[PDB]
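What follows is a single structure, written as structure tokens, with notes after it.
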There are 6 protein chains.
Amino acid sequence: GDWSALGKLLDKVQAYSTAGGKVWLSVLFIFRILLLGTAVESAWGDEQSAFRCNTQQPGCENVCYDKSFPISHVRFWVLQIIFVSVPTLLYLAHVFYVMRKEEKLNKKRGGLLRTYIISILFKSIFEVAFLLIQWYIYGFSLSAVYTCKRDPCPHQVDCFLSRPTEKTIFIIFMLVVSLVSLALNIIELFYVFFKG
Amino acid sequence: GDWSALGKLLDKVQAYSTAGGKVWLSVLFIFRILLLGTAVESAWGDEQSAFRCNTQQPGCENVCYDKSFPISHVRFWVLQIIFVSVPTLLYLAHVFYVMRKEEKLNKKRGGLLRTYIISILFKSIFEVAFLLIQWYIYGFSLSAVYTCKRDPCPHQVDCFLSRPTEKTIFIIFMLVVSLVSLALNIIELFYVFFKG
Amino acid sequence: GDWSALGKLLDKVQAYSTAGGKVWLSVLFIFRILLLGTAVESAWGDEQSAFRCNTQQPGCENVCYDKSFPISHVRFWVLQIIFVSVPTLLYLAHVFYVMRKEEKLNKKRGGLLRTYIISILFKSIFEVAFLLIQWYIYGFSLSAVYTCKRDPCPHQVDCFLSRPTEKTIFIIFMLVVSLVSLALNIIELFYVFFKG
Amino acid sequence: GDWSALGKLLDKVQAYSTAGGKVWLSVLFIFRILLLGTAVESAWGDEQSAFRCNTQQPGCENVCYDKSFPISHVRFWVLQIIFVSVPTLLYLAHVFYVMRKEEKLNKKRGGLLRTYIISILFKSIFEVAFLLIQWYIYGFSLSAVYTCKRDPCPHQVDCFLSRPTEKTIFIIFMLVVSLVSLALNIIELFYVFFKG
Amino acid sequence: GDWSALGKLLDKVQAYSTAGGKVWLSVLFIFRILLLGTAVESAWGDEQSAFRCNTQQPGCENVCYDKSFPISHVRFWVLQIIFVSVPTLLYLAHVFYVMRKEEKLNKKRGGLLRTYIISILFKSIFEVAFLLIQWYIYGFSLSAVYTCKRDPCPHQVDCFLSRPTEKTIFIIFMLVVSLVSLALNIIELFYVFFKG
Amino acid sequence: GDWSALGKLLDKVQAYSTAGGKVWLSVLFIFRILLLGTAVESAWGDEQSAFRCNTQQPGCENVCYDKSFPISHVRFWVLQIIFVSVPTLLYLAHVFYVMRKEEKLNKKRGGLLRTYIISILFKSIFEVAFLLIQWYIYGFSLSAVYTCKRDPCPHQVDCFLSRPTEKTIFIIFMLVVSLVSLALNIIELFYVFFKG
Ligand SMILES: CCCCCCCCCCCCCC
Ligand SMILES: CCCCCCCCCCCCCC
Ligand SMILES: CCCCCCCCCCCCCC
Ligand SMILES: CCCCCCCCCCCCCC
Ligand SMILES: CCCCCCCCCCCCCC
Ligand SMILES: CCCCCCCCCCCCCC
Ligand SMILES: CCCCCCCCCCCCCC
Ligand SMILES: CCCCCCCCCCCCCC
Ligand SMILES: CCCCCCCCCCCCCC
Ligand SMILES: CCCCCCCCCCCCCC
Ligand SMILES: CCCCCCCCCCCCCC
Ligand SMILES: CCCCCCCCCCCCCC
Ligand SMILES: CCCCCCCCCCCCCC
Ligand SMILES: CCCCCCCCCCCCCC
Ligand SMILES: CCCCCCCCCCCCCC
Ligand SMILES: CCCCCCCCCCCCCC
Ligand SMILES: CCCCCCCCCCCCCC
Ligand SMILES: CCCCCCCCCCCCCC
Ligand SMILES: CCCCCCCCCCCCCC
Ligand SMILES: CCCCCCCCCCCCCC
Ligand SMILES: CCCCCCCCCCCCCC
Ligand SMILES: CCCCCCCCCCCCCC
Ligand SMILES: CCCCCCCCCCCCCC
Ligand SMILES: CCCCCCCCCCCCCC
Ligand SMILES: CCCCCCCCCCCCCC
Ligand SMILES: CCCCCCCCCCCCCC
Ligand SMILES: CCCCCCCCCCCCCC
Ligand SMILES: CCCCCCCCCCCCCC
Ligand SMILES: CCCCCCCCCCCCCC
Ligand SMILES: CCCCCCCCCCCCCC
Ligand SMILES: CCCCCCCCCCCCCC
Ligand SMILES: CCCCCCCCCCCCCC
Ligand SMILES: CCCCCCCCCCCCCC
Ligand SMILES: CCCCCCCCCCCCCC
Ligand SMILES: CCCCCCCCCCCCCC
Ligand SMILES: CCCCCCCCCCCCCC
Ligand SMILES: CCCCCCCCCCCCCC
Ligand SMILES: CCCCCCCCCCCCCC
Ligand SMILES: CCCCCCCCCCCCCC
Ligand SMILES: CCCCCCCCCCCCCC
Ligand SMILES: CCCCCCCCCCCCCC
Ligand SMILES: CCCCCCCCCCCCCC
Ligand SMILES: CCCCCCCCCCCCCC
Ligand SMILES: CCCCCCCCCCCCCC
Ligand SMILES: CCCCCCCCCCCCCC
């Protein structure tokens with residue numbers, strides 16, 4: 001019967017949100033965790049052990065894998081999902097201590113609205129900034145043959161990627177998820193400002 | 001003794017369903033999870049490391065595995081089981097907030113029936129649409145010898161698959177499960193419309 | 001103190017069973033799960049990576065492993081243990097809803113006996129049918145040298161199996177478990193019919 | 001506060017045991033599980049992939065590993081620990097139903113002593129029978145060089161084992177554990193018979 | 001309802017801290033655990049099996065990997081996160097016993113402030129000392145080609161690293177986390193001394 | 001609210017200990033488990049698959065790894081941590097039954113002090129005995145080149161170890177932990193004897 005203290009903590013955090021934002025934003029978080037943790041994490045398993053190059057030079061497969069992939073795609077999407085969830089965990093931990101100082105005062109407007117807007121504003125800056133770095137570094141597809149011009153390799157060599165079509169399907173799936181997540185946070189910002 | 005609040009939430013969600021649909025649709029969900037997570041997930045383990053081709057050309061096994069399998073079968077069935085379960089989780093989260101706004105009103109018809117029909121209708125569209133893509137791309141069997149005509153391979157080569165008979169048994173098992181699941185949702189749509 | 005509602009659900013399911021069938025049939029289920037999940041699952045680990053053949057032909061080890069093993073033994077025993085446990089989970093979910101419709105009627109013979117006999121009858125049909133398929137396809141032992149006559153292999157080749165003696169010990173262990181499980185369900189059918 | 005129903009079930013099972021047998025027999029069970037599950041299970045990891053033989057014949061390493069090891073040592077000790085724990089789980093499940101038929105009779109000598117002696121007698125028969133099979137098949141040490149005379153190998157070959165000294169240390173550790181466990185069950189049989 | 005004894009233990013430990021140090025220091029601990037346990041732990045997987053050298057000498061890849069990496073980066077960051085968390089667990093276990101001796105005295109200033117300052121002072125000494133060892137041994141980047149002059153290698157050889165650019169991104173991420181963590185503990189020391 | 005029966009069992013076990021031994025001995029147990037289970041367990045992963053020797057003789061790497069390492073270092077430290085924790089689990093299980101026989105006597109000095117001293121005395125004998133075996137067999141460092149003179153190897157060969165410097169850092173970390181743990185148990189023996 002000690003679960004009624006959890007119903008008060010969920011009510012204070014979701015006090016300024018709309019009725020349809022509590023539903024579509026929480027199920028989209030579970031969609032992001034299960035898809036990234038089960039399906040897309042194992043396609044990127046043999047990303048280096050199946051990368052091959054057409055050369056005899058020792059040391060040319062180490063430096064040509066590293067020029068193609070400066071950071072992996074599944075470790076760029078894990079860093080992305082933490083930065084967008086930190087302003088929610090920071091604001092949820094802030095309400096818990098505010099409700100504690102006042103609970104031990106009754107037994108013995110304008111403050112919690114400003115900190116709600118700054119947390120929603122930073123979840124949208126982090127979503128746009130991580131989409132522009134990927135558009136600049138990689139793009140939104142993958143080709144099968146790479147052409148490498150590093151050292152110690154002589155002139156130019158041809159190198160071949162591992163599963164370049166299955167990975168392109170999951171790059172476009174994670175683009176639509178982050179564009180729907182960005183559009184639901186802008187609706188949250190518009191409803192608070194245009195109300196009062 | 002705090003488990004009697006769970007009996008009220010299960011009663012509201014299953015208010016418009018028949019007596020025999022609550023049984024056959026929930027045990028078929030557990031049948032889908034245990035079969036996919038234990039038996040069929042490990043047959044697809046060495047799908048690329050045991051794919052061989054009859055050539056000396058460097059880079060011909062990378063591009064001929066990718067032409068045969070644009071997406072794996074076990075990652076197409078994980079994406080399928082999430083899309084069919086999202087309209088159930090969206091409707092279950094909608095009833096929880098509707099029962100909350102009314103509970104804090106009594107202590108201090110036509111709305112929940114329309115949203116039930118749209119959730120059942122989308123679980124049947126997602127089952128038919130995922131069956132037509134697999135019929136167009138793959139079929140419903142697998143052969144042992146593949147013939148590949150990509151580049152950099154010269155003319156045509158012969159490539160050999162890993163366990164093509166054991167995988168054909170599990171392709172037909174997952175076809176019958178999705179055809180029984182589609183037939184139980186059409187009976188649900190017919191009982192609601194022909195009642196009132 | 002909310003565990004006394006579980007004692008009522010266990011009493012209704014086991015109302016038509018004998019006194020000694022509640023003990024010997026539940027410990028035999030745990031014996032089947034722990035033996036299959038710990039001991040026999042890891043002997044079948046390198047079943048393909050240690051299969052060798054005496055040839056130089058590319059593609060002859062792929063097609064001669066697949067002719068020998070159309071389905072693995074540990075994935076045939078996982079499919080077997082689900083089919084025999086589905087009529088128990090279907091009948092246990094049926095009693096839970098029958099006790100719910102009557103509980104909300106008292107606060108605001110001939111039906112549950114017919115569905116008990118049909119569930120016990122289907123656990124014995126599924127045990128006999130899975131034993132006859134294995135007797136027809138495989139047998140109840142394994143030999144060390146296999147002789148293969150598929151294509152692209154020339155004439156006939158010799159192929160060698162991985163651990164053929166340790167696997168034969170566990171084939172006979174899982175045969176005696178399914179013959180004791182079949183004999184305890186026939187005693188259950190004989191006691192219900194010859195009582196009344 | 002619903003944990004006081006567990007204190008009654010533990011008191012009925014341990015009613016005929018001595019004061020010092022409840023302590024030394026339960027901690028020795030945890031010693032057997034943690035040692036077998038953590039330390040000895042990973043020494044037997046590369047038991048086949050590091051077995052080598054001094055030959056060029058294809059198929060001679062498959063048949064000479066199998067002649068040396070008809071069953072592995074870590075899968076013979078998992079089968080041993082289940083057979084000795086089954087008479088304890090069968091007797092513990094028997095007391096739970098006997099206390100149930102009598103509890104629903106008071107709210108609406110000579111029987112449980114005979115079944116206690118038969119369960120202790122079978123834990124000692126299973127400990128002696130598993131020690132005599134290992135003395136006949138293997139012994140209680142391991143040598144480094146094996147000499148194999150099977151087919152298709154020509155005449156006799158030399159084969160070399162993986163970690164034969166570290167495995168000999170753990171064979172003697174599991175011998176002393178099963179000899180102390182056998183001696184504590186004979187003291188239990190002597191105290192019940194010589195009391196009354 | 002037995003969770004109200006946890007609210008008293010959390011209040012005594014955080015009695016001398018500021019209002020904004022309870023929030024920013026606890027979420028930064030979770031940021032350190034999830035980033036180190038999911039993203040950076042798997043980039044360091046094939047650190048030795050993909051290290052290559054341009055030589056034919058047997059034994060030159062063993063001694064040139066060991067000269068480059070005297071201790072791995074992911075095992076130096078696990079040792080770092082335990083040493084900084086030990087003074088928090090030592091002080092939290094000290095308050096629990098102090099509240100116990102006084103609770104069994106009421107039912108049948110200057111002591112807990114000195115031990116709080118010494119625990120905060122040791123979390124800052126351990127953060128600075130682990131940053132100076134890494135600056136002396138490694139630096140804060142990684143290059144792609146290493147030049148090795150050990151024995152048995154003849155003269156000098158060239159050796160090539162595995163993913164030297166992706167690892168450099170995560171070295172700088174874990175530097176900023178430990179510099180923000182060091183700056184939040186110095187603010188804690190300044191607020192206690194300048195208050196009273 | 002059923003957690004107040006755990007506060008009585010913890011009070012009886014720690015009745016003869018000092019105030020500062022309850023803190024420093026329990027956090028040092030958690031330091032031993034997390035360090036051994038996370039950091040040092042994975043450095044010893046490729047201990048045999050990266051051991052190389054400068055020979056062409058078949059069977060010389062099997063017998064020269066086994067002469068160098070008669071038992072691994074991480075399996076000698078798991079056996080060590082169980083033997084030192086068995087006298088604590090034996091004494092904790094002894095107090096639980098002594099408090100049971102007396103609880104069912106009140107509702108329907110000199111005994112528990114002798115058994116406390118014998119349990120502390122055996123935790124110090126097991127710590128000294130495991131340190132002397134390692135000093136005799138191995139030492140407290142590891143060198144990079146080993147010289148082997150077994151059979152079937154001709155004359156003498158050179159063999160090379162895997163990570164001999166990172167392992168030497170963790171050998172000295174586990175030496176200081178067992179010397180601090182031995183010094184805290186001797187202080188416990190001195191305080192009981194010199195009190196009364
Ligand atoms: C009675 C309130 C229960 C609170 C449960 C939710 C925890 C909120 C996050 C953790 C805050 C405290 C960290 C120590
Ligand atoms: C009165 C009930 C309080 C609200 C409980 C909500 C539970 C949220 C935490 C568990 C979420 C796990 C996914 C469903
Ligand atoms: C019984 C309901 C379970 C709902 C699905 C949860 C699946 C979690 C799997 C995550 C780990 C995947 C490992 C392959
Ligand atoms: C060596 C050439 C310059 C490196 C370019 C790659 C930079 C990638 C930056 C990715 C940062 C992602 C986390 C913010
Ligand atoms: C490769 C496995 C992916 C697992 C995803 C982990 C993401 C964790 C999200 C945590 C959200 C809270 C951040 C403070
Ligand atoms: C001051 C406590 C409440 C904080 C509200 C959330 C603020 C969001 C800050 C996000 C900054 C992210 C930096 C990594
Ligand atoms: C090389 C051809 C690649 C074809 C890309 C197909 C991508 C389909 C992804 C579907 C995304 C829709 C999300 C709702
Ligand atoms: C090769 C790149 C193809 C990109 C096509 C997909 C663009 C996404 C448009 C739909 C986004 C939906 C936002 C709500
Ligand atoms: C008292 C009601 C308990 C509700 C438990 C079921 C949770 C329903 C899904 C989670 C909804 C709340 C998400 C924060
Ligand atoms: C009054 C009881 C409420 C209904 C409880 C149903 C439990 C459903 C959640 C757990 C399902 C796990 C598989 C059985
Ligand atoms: C490069 C040739 C065209 C690619 C054909 C493969 C398309 C596969 C589409 C699978 C989509 C499955 C998720 C909807
Ligand atoms: C390869 C392991 C398969 C595990 C299956 C995971 C499926 C998860 C289903 C989740 C249903 C809820 C979706 C919102
Ligand atoms: C509005 C809240 C209730 C939603 C009911 C379920 C609607 C189903 C929508 C499914 C759309 C799936 C898109 C991926
Ligand atoms: C190459 C021959 C393949 C034979 C296919 C056999 C498929 C049997 C599957 C049984 C499915 C029945 C589900 C109830
Ligand atoms: C090679 C493809 C063979 C397909 C045969 C199986 C067809 C499935 C018919 C039975 C479906 C049952 C639906 C209830
Ligand atoms: C009060 C009754 C508790 C029932 C617990 C056992 C659950 C029975 C199986 C699950 C049936 C409900 C599925 C949603
Ligand atoms: C009154 C007690 C109800 C019966 C409880 C039986 C528990 C069965 C579920 C847990 C089984 C786990 C293996 C012992
Ligand atoms: C403490 C009682 C435990 C009883 C034995 C349970 C062992 C479960 C092991 C199953 C996983 C095996 C992984 C090797
Ligand atoms: C290609 C030759 C015919 C295939 C024979 C193998 C059939 C195996 C059927 C196994 C079915 C097991 C699940 C019912
Ligand atoms: C290879 C691991 C074996 C694990 C056995 C899993 C068997 C699951 C049995 C589930 C019984 C209920 C079926 C509806
Ligand atoms: C109608 C609800 C009760 C069902 C009782 C059990 C019937 C057993 C049916 C088994 C059929 C198995 C088909 C896969
Ligand atoms: C090639 C010789 C194989 C010998 C077979 C031995 C099988 C013993 C199995 C014991 C089964 C008894 C179950 C109680
Ligand atoms: C090579 C096959 C040998 C089979 C011998 C074992 C036959 C099993 C007879 C005993 C079964 C016990 C049933 C209760
Ligand atoms: C109130 C009694 C609780 C019993 C808990 C111990 C369970 C005993 C073993 C399981 C017996 C019931 C199996 C369904
Ligand atoms: C009155 C207390 C009943 C006895 C509780 C004993 C617990 C035994 C089950 C848990 C054992 C786990 C290892 C300690
Ligand atoms: C915190 C007390 C834990 C007691 C030791 C339990 C260790 C269990 C480890 C079993 C799995 C081993 C995997 C390497
Ligand atoms: C093929 C030569 C005869 C086989 C001898 C090996 C028999 C091993 C029997 C082990 C049985 C252990 C489980 C009872
Ligand atoms: C290789 C992992 C070893 C794990 C040991 C599992 C032993 C399970 C013992 C179960 C005792 C109850 C038997 C009915
Ligand atoms: C009849 C219910 C009580 C059983 C008491 C324990 C008897 C022990 C029988 C052990 C037989 C083991 C055969 C595998
Ligand atoms: C080849 C030399 C092997 C030496 C065997 C040493 C065995 C020591 C085992 C100690 C067992 C004692 C258990 C208490
Ligand atoms: C090579 C075999 C050596 C066996 C020596 C060990 C014999 C065990 C004697 C001590 C047993 C202790 C029983 C309580
Ligand atoms: C009633 C107080 C509950 C305390 C829970 C927190 C435990 C504090 C750390 C453990 C201290 C005791 C170690 C045996
Ligand atoms: C009155 C509530 C006491 C405070 C509860 C705080 C819970 C902290 C322990 C669990 C933390 C897990 C991460 C949220
Ligand atoms: C053999 C040459 C001297 C070794 C230099 C490497 C010393 C690394 C010390 C790292 C200590 C980190 C834990 C404190
Ligand atoms: C490689 C996996 C990393 C997991 C991190 C473990 C860190 C444990 C921190 C424990 C803090 C308490 C120390 C006493
Ligand atoms: C005396 C009990 C309270 C201790 C307070 C914390 C003191 C911090 C000591 C840290 C020393 C770290 C040595 C490894
Ligand atoms: C070889 C070029 C490496 C480029 C380094 C880029 C490092 C970016 C790390 C961003 C750290 C910011 C933390 C907030
Ligand atoms: C090659 C090394 C580059 C280091 C540049 C980063 C220095 C970090 C400065 C910002 C630290 C923020 C502390 C709050
Ligand atoms: C009411 C007392 C609860 C006891 C919990 C601690 C268990 C002590 C170790 C287990 C002893 C009983 C083993 C069956
Ligand atoms: C009155 C509170 C009793 C003492 C509780 C101590 C808990 C010890 C067991 C859990 C330890 C886990 C590591 C903190
Ligand atoms: C074959 C040469 C004699 C063997 C010497 C190695 C003995 C190692 C004994 C280690 C015992 C550790 C557990 C007590
Ligand atoms: C390799 C993983 C190490 C895990 C350590 C397990 C140690 C278990 C300690 C158990 C203490 C109780 C012994 C009776
Ligand atoms: C008699 C019950 C209390 C036992 C107290 C602890 C005695 C310590 C005995 C340790 C012996 C270790 C032998 C492996
Ligand atoms: C070959 C040179 C090895 C250098 C050894 C350095 C060991 C440092 C270990 C620090 C241990 C201190 C524990 C507090
Ligand atoms: C090569 C061996 C070097 C050993 C040096 C370390 C000796 C440990 C002395 C400090 C021990 C601290 C005990 C409290």
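Labeling convention for the structure tokens: chains A, B, ... as they appear, residues from 1 per chain, ligands from 1 in order of appearance.
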
Using only C-alpha atoms and all ligand atoms, find each residue with an atom at most 10 Å away from ligand 2 and format the answer as a list in words.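 Answer in the requested format: residues 1, 2, 3, 4, 5, 6, 7, 8, 9, 10, 11, 26, 27 and 30 of chain A; 5, 6, 89, 93, 96 and 100 of chain B.
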
Output C-alpha atoms for every residue in the selection just made, as a compact mmCIF listing (two decimals), in the first residue's frame.
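To be explicit, this is the file written out as again21.txt:
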```
# COMPACT_ATOMS: atom_id res chain seq x y z
CA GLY A 1 0.00 0.00 0.00
CA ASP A 2 3.11 2.18 -0.10
CA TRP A 3 2.68 2.98 -3.81
CA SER A 4 0.41 6.00 -3.29
CA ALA A 5 3.46 8.20 -2.63
CA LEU A 6 4.49 7.57 -6.25
CA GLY A 7 1.22 8.98 -7.56
CA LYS A 8 1.99 12.35 -6.02
CA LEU A 9 5.47 12.56 -7.56
CA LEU A 10 4.16 11.76 -11.04
CA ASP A 11 1.43 14.40 -10.75
CA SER A 26 6.61 7.97 -23.09
CA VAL A 27 5.84 5.14 -25.52
CA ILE A 30 10.36 2.61 -24.98
CA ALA B 5 -5.68 -1.52 -8.06
CA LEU B 6 -4.38 -3.69 -10.91
CA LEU B 89 0.49 -0.09 -25.33
CA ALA B 93 -1.67 4.11 -21.46
CA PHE B 96 -4.77 4.88 -17.21
CA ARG B 100 -6.98 9.23 -13.09
```

Within 12 Å of residue 187 of chain C, counting only C-alpha atoms, which residues show up once you throw out same-chain ones fewer than 3 positions away? Write them as a PDB file with N, CA and C atoms, in the first residue's frame, please.
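The resulting file, around_0.pdb, is reproduced below:
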```pdb
ATOM      1  N   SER C  17      -7.450 -33.736  -9.878  1.00  0.00           N
ATOM      2  CA  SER C  17      -6.259 -34.566  -9.941  1.00  0.00           C
ATOM      3  C   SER C  17      -6.115 -35.423  -8.689  1.00  0.00           C
ATOM      4  N   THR C  18      -5.310 -36.474  -8.806  1.00  0.00           N
ATOM      5  CA  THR C  18      -5.065 -37.354  -7.678  1.00  0.00           C
ATOM      6  C   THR C  18      -4.048 -36.723  -6.731  1.00  0.00           C
ATOM      7  N   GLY C  20      -1.103 -38.007  -5.691  1.00  0.00           N
ATOM      8  CA  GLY C  20       0.270 -38.220  -6.089  1.00  0.00           C
ATOM      9  C   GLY C  20       0.641 -37.724  -7.463  1.00  0.00           C
ATOM     10  N   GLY C  21      -0.285 -37.097  -8.179  1.00  0.00           N
ATOM     11  CA  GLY C  21       0.009 -36.550  -9.487  1.00  0.00           C
ATOM     12  C   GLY C  21       0.413 -35.095  -9.408  1.00  0.00           C
ATOM     13  N   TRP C  24       4.578 -35.632  -8.565  1.00  0.00           N
ATOM     14  CA  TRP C  24       5.504 -36.235  -9.507  1.00  0.00           C
ATOM     15  C   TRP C  24       5.504 -35.537 -10.858  1.00  0.00           C
ATOM     16  N   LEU C  25       4.462 -34.767 -11.178  1.00  0.00           N
ATOM     17  CA  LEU C  25       4.382 -34.091 -12.466  1.00  0.00           C
ATOM     18  C   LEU C  25       4.968 -32.691 -12.443  1.00  0.00           C
ATOM     19  N   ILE C 120      -5.743 -32.575 -20.821  1.00  0.00           N
ATOM     20  CA  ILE C 120      -4.873 -33.704 -20.504  1.00  0.00           C
ATOM     21  C   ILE C 120      -4.732 -34.610 -21.720  1.00  0.00           C
ATOM     22  N   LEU C 121      -5.784 -34.703 -22.537  1.00  0.00           N
ATOM     23  CA  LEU C 121      -5.742 -35.538 -23.731  1.00  0.00           C
ATOM     24  C   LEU C 121      -4.813 -34.977 -24.791  1.00  0.00           C
ATOM     25  N   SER C 124      -0.948 -35.646 -24.139  1.00  0.00           N
ATOM     26  CA  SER C 124      -0.512 -36.996 -24.459  1.00  0.00           C
ATOM     27  C   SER C 124      -0.436 -37.238 -25.956  1.00  0.00           C
ATOM     28  N   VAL C 180       8.329 -41.409 -19.112  1.00  0.00           N
ATOM     29  CA  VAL C 180       7.778 -41.330 -17.766  1.00  0.00           C
ATOM     30  C   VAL C 180       6.710 -40.245 -17.712  1.00  0.00           C
ATOM     31  N   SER C 181       6.896 -39.161 -18.464  1.00  0.00           N
ATOM     32  CA  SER C 181       5.896 -38.103 -18.524  1.00  0.00           C
ATOM     33  C   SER C 181       4.641 -38.550 -19.253  1.00  0.00           C
ATOM     34  N   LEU C 182       4.774 -39.442 -20.231  1.00  0.00           N
ATOM     35  CA  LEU C 182       3.607 -39.956 -20.936  1.00  0.00           C
ATOM     36  C   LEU C 182       2.839 -40.946 -20.078  1.00  0.00           C
ATOM     37  N   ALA C 183       3.534 -41.698 -19.226  1.00  0.00           N
ATOM     38  CA  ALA C 183       2.881 -42.695 -18.391  1.00  0.00           C
ATOM     39  C   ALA C 183       2.142 -42.082 -17.213  1.00  0.00           C
ATOM     40  N   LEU C 184       2.506 -40.871 -16.794  1.00  0.00           N
ATOM     41  CA  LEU C 184       1.836 -40.228 -15.673  1.00  0.00           C
ATOM     42  C   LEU C 184       0.580 -39.495 -16.104  1.00  0.00           C
ATOM     43  N   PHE C 190      -7.107 -42.283 -16.545  1.00  0.00           N
ATOM     44  CA  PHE C 190      -7.780 -43.491 -16.093  1.00  0.00           C
ATOM     45  C   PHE C 190      -8.485 -43.269 -14.765  1.00  0.00           C
ATOM     46  N   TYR C 191      -7.997 -42.334 -13.954  1.00  0.00           N
ATOM     47  CA  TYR C 191      -8.577 -42.118 -12.635  1.00  0.00           C
ATOM     48  C   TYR C 191      -9.835 -41.268 -12.707  1.00  0.00           C
ATOM     49  N   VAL C 192      -9.933 -40.387 -13.699  1.00  0.00           N
ATOM     50  CA  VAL C 192     -11.105 -39.528 -13.832  1.00  0.00           C
ATOM     51  C   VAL C 192     -12.269 -40.302 -14.440  1.00  0.00           C
ATOM     52  N   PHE C 193     -11.993 -41.125 -15.453  1.00  0.00           N
ATOM     53  CA  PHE C 193     -13.049 -41.879 -16.119  1.00  0.00           C
ATOM     54  C   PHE C 193     -13.598 -42.991 -15.235  1.00  0.00           C
ATOM     55  N   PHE C 194     -12.735 -43.666 -14.485  1.00  0.00           N
ATOM     56  CA  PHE C 194     -13.164 -44.795 -13.671  1.00  0.00           C
ATOM     57  C   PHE C 194     -13.671 -44.382 -12.300  1.00  0.00           C
TER      58      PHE C 194
END
```

Taking only C-alpha atoms and all ligand atoms into account, which residues are within 6 Å of ligand 7, as a count of residues only? 4

May I ask you to write as an MDAnalysis selection string all residues lying at most 6 Å from ligand 45, with only C-alpha atoms and all ligand atoms counted? chainID F and resid 140:141 176 179:180

Specify as an MDAnalysis selection string all residues of chain F found within 10 Å of chain E, counting only C-alpha atoms. chainID F and resid 1:4 7 19:20 22:24 26:28 30:31 34:35 38:40 42:43 46 50:55 144:145 158:170

For atom CA of residue 135 of chain C and atom CA of residue 177 of chain C, the interatomic separation in Å (one decimal):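 Result for atom CA of residue 135 of chain C versus atom CA of residue 177 of chain C: 15.7 Å, one decimal.
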
Restricting the calculation to only C-alpha atoms and all ligand atoms: of C:189, C:36, C:12, C:112, which residue gets closest to ligand 18?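 Of C:189, C:36, C:12, C:112, the one nearest ligand 18, counting only C-alpha atoms and all ligand atoms, is C:36.
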